[PDB]
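Letter by letter, the chains look like this.
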Amino acid sequence: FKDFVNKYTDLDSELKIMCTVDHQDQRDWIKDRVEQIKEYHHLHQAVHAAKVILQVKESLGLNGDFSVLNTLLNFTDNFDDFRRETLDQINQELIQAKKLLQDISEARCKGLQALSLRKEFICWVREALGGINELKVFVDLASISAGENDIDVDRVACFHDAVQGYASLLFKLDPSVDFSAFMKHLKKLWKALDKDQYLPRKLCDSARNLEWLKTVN
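Structure determination for this entry is recorded as cryo-EM, at 3.46 Å resolution.

The name the PDB entry gives the protein is Ring finger protein 213, with Homo sapiens as the organism. The title line of the PDB record says "Cryo-EM structure of Human RNF213".

K.L.:
I'd like to hear about the overall build of the protein, residue by residue, with values.
P.N.:
Of regular secondary structure, the protein possesses 11 helices and zero strands. Listing the helices and strands of the protein from first to last along the sequence gives α-α-α-α-α-α-α-α-α-α-α. Against the globule reference of 17 Å for 217 residues, the protein gives a C-alpha radius of gyration of 22 Å, more extended than a compact globule. Considering only C-alpha atoms, the protein reaches an extent of 75 × 40 × 25 Å along its principal axes. Per-residue burial for the protein yields a buried fraction of 38% across its 217 residues.

K.L.:
Pulling in residues and values, what's your account of the packing of aromatic side chains?
P.N.:
Evaluation of the coordinates by the stated rule reveals eight aromatic pairs. For the pair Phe1 and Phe4, a centre-to-centre distance of 6.0 Å together with 55° between the ring planes defines the contact as tilted. When the centroid spacing of 5.5 Å and the interplanar angle of 20° are considered together, the rings of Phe66 and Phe182 count as stacked. With a gap of 116 residues between them, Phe66 in the loop between helix 2 (30-60) and helix 3 (69-77) and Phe182 in helix 9 (residues 179-186) connect regions that are remote in the sequence. Judged on exposure class, the residue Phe66 and its partner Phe182 are both buried. Aromatic rings pair up to connect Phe121, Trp124, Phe138 and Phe159 into one cluster. The positively charged end of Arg155 is found above the aromatic ring belonging to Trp212, 4.2 Å away from the centroid.

K.L.:
An account of unusual backbone geometry is needed here, citing residue identities and associated values.
P.N.:
Even without being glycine, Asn6 reaches a positive phi, approximately 55°. The topology assignment puts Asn6 in the segment before helix 1 (8-19). A positive phi angle, close to 60°, is found at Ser105, a residue other than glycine. You can see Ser105 is positioned in the loop between helix 3 and helix 4 (107-114).

K.L.:
Please give an account of the pattern of salt bridges that cites residues and values.
P.N.:
For the coordinates displayed, the defined rule picks out nine salt bridges. Linking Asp28 and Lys31 is a salt bridge whose minimum nitrogen-to-oxygen distance equals 3.5 Å. Residue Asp28 is classed as exposed on the basis of its relative accessible area, which comes to 51%. Where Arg83 meets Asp80, a salt bridge forms, and the shortest distance between an N and an O atom there is 3.6 Å. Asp80 sits in the partly exposed class, given a relative accessible area of 43%. The network of salt bridges with shared partners includes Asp12, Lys16, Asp28 and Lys31.

K.L.:
I'd like a rundown of the layout of surface pockets, residues and numbers included.
P.N.:
The volume enclosed by the largest pocket comes to roughly 810 Å³. Lining the largest pocket are 30 residues, and of these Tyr40, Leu43, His44, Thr86 and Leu87 sit closest to its centre. Contributions of two or more residues to the lining of the largest pocket are made by helix 1, helix 2 and helix 3. Ranked by the residues each element gives to the lining of the largest pocket, the list is headed by helix 2, at 10 residues. Per-class residue counts for the lining of the largest pocket are 15 nonpolar, nine polar and six charged.

K.L.:
Which residues make up the nonpolar core, and what values do they have?
P.N.:
Within the largest apolar cluster, 50 residues are counted, with the highest numbers of intra-cluster contacts made by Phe159, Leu169 and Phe182. Apart from residues no more than four positions distant in its own chain, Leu169 is found in contact with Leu60, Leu112, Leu115, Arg126, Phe182, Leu186 and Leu189. The next biggest cluster of nonpolar side chains, apart from the first, holds six residues, and it includes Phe4, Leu11, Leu15 and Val34.

Here is what the cut-offs are and how they apply
- Residues numbered from 1 in each chain as written, not as in the entry; some residues may be left out.
- Part of a larger assembly, values for the part shown.
- Heavy atoms only, no water.
- Helix = DSSP H or I, 4+ residues; strand = E, 2+ residues; numbered from the N terminus.
- Rg over C-alpha atoms; globule rule 2.2 N^0.38 Å.
- Buried < 20%, exposed > 50% of the residue type's maximum accessible area, 1.4 Å probe, protein only.
- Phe/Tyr/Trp six-rings, centres within 6.5 Å; stacked < 30°, edge-to-face > 60°.
- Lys NZ or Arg CZ within 6 Å of the ring centre and 35° of its normal.
- Salt bridge = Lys/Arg side-chain N within 4 Å of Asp/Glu carboxyl O.
- 1 Å grid on protein atoms, 1.4 Å probe; cavity = no way out; pocket = protein on both sides within 12 Å on 5 of 7 lines; lining within 4 Å.
- Points joined across faces, edges and corners; volume = space filled by probe spheres on them.
- Nonpolar A, V, L, I, M, F, W, Y, C, P; charged D, E, K, R; others polar.
- Core = buried A, V, L, I, M, F, W, Y, C linked by side-chain atoms within 4.5 Å.
- Contact = heavy atoms within 4.5 Å.

Below, the structure is given as structure tokens:
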């Protein structure tokens, strides 16, 4: 079941066909087996998200010694140790903040992957842009020099959206928060990632335009 990822009804129907091969068994174990397998899939997904957030911390210059994700790192370094284990083997210590309302549909995880490894853009946007109020001045200055071509003028709007949608993590973030504080703060980016779902792509497109962003000044 590497193919049934994030598929409830399809997996349910597949297991119904699986159980209908022999008429002696008519039990309803499927209702719990599908939830168990999907919990395992969610554990793997939150492992990937834990790696993503570790990269985000190490790239944003954050401090606070996140240690709750160390148990997910332990869950993902026993890949060769739990390979012979059962589906009901070990506890789950991830529903607190690292499974619900932070890793939805693996898109918000990609939302953080946008602010992942690419780092020089963060340094430049902190050094040259001090506050949010300077964004309007910067975009006004950049529009007159971008060049009206319908592809060179969307670069000053993608930047304006990707910076104004990342104000929580870019400008005002003291490198002293803990895991709980960081997860509560991320629910300020999560409430803007739904208004426009192309924020990670906007940031990734404004990141490659780093040899031109250092020209407006």
